[PDB]
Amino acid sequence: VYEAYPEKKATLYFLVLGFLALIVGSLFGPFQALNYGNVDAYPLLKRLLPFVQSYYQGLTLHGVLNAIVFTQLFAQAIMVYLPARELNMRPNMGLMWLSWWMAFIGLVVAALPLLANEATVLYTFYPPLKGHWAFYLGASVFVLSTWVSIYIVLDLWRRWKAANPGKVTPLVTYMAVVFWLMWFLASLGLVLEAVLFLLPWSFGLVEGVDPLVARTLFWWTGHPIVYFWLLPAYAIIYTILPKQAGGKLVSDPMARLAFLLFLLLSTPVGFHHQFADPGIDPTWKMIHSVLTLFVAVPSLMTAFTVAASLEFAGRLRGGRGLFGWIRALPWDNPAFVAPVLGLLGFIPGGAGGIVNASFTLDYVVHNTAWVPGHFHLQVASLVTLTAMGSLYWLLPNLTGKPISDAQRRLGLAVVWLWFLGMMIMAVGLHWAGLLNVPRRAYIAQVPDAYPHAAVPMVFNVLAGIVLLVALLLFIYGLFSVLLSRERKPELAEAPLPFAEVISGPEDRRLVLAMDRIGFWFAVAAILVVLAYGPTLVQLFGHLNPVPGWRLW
């Protein structure tokens, strides 16, 4: 199963690495929820993990392993592996293993300084806060992994396109190609930041870095990167979930359209993270706020297409009136349940997001506990659930070890607990945010500073406990699936459960237009040049580098 599909192996190493990251990163979660419930569990944690020197070292670890490391590794797994099995083509395995070593070496390189308290700068690493050089080199090598991944999938696409002159790009491949193309355009920000600034800085080659350019370049990457976390989930939710649900994807071209739109509008909207910033024209902020509302469109589409598919699925399974279908879906199946719950939470989640994006409204909530509120419904829930669920079809496909009734049932617990835990925590944080509770703060070490957030603090406490269980159960579940010597090869040679796709007459012309990838890419690049071009030119004429500090 390795030697005609060694892409299976490679793929399996990316997942394991990602899920190991997630486990280590999450540990810090419950503690941080208690802290937001006004309880200080950090001596207890410090007694358990004697390297941990502060709340903020913990928070950095959390954000770096969970949000950057787990999520990229999961994307690299899904967004190479699915197009491979659909195409029935094998990725250039030389390059594949290169990208996996690059990420593992980059991860290890950067982990050392984090673990030694040399890089307590958080996953945004905003200069002048200045971490060890190995952090920036580590992170750089780790992110640059994705460039190899990009190549690999463009390769597969080119080769299929050669074997099938004339033919429209298969759907998952289409998705992965606009995905990887989008991510390339997106990553330029961070790469420029790293190459022009963070690296020379941390190597001692220069004494200062302009804070404002620093974060304007980061946010160039920093927004599309959450689409980079989302789409591998969306990939699975469009082309795999419907089949798990007992139905079909109700539209091929809506899915393409959506993914095209994200190619187009994910990058040029980063000032939405910079509304509170000096030295960026307010006009440019309005312009970026508009494009950010436009980027919300694909997920609005996605909500309909995905819900209709699930409805259809539910009707085929004998799904009664206005709500019967819901009950007729396979609530016995964690690969179905996990993403569906994800999607429910993604409703408040995106409403959160749309408020954030409306410029002046952002002054209400920016840097409050509301932001964490928002993005846990987004990545910690929808994405992470999706990843957790897919262990139930992906892992068996990769390894051949099938899933017991027991493990299926521990999964359901894990998934429901996590979901609920997250929902509770989302109320706490939003509420506390509304009460002006700042984010990124060890607030339990100042007991009397936030007396007015008495009750939502209770929720955060609750979610801390709830998600503690969820997480331990997940650790147990995961390893029990990976530490058995149950192997039936036959389902490791069974095909991915891709969905069938309802398709129509009008499709032909719409899909054709979308398949003009070279043109749409150029359009996307131009949209970046227009949106950041003018500002970047101005910043780069008036550079004011300032020296760095270490304040931990």
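All residue numbers refer to positions in the sequence shown, first residue = 1.
- Per the compared records, residue 486 is unresolved in at least a third of the other entries whose models span it.
- Note on 194-202 vs 216-224: mean CA B-factor is higher in 194-202.
- Averaged over CA atoms, B-factors in the entry run higher in 321-329 than in the other of 321-329 and 303-311.
- Across 84, 383, 177, 163, the greatest Cα temperature factor reported in the deposited entry is at 163.
- In this entry, the residue among 183, 416, 375, 259 with the greatest C-alpha B factor is 416.
- Sort the modelled residues of the chain by CA B factor and residue 436 lands in the middle third.
- Among the modelled residues of its chain, residue 210 has a C-alpha B-factor that falls in the lowest third, as given in the PDB entry.
- When the modelled residues of the chain are ordered by their C-alpha B factor, residue 523 lands in the middle third.
- Among all modelled residues in its chain, residue 503 ranks in the highest third by Cα B-factor.
- The deposited CA B-factor of residue 31 belongs to the highest third of values across its chain.
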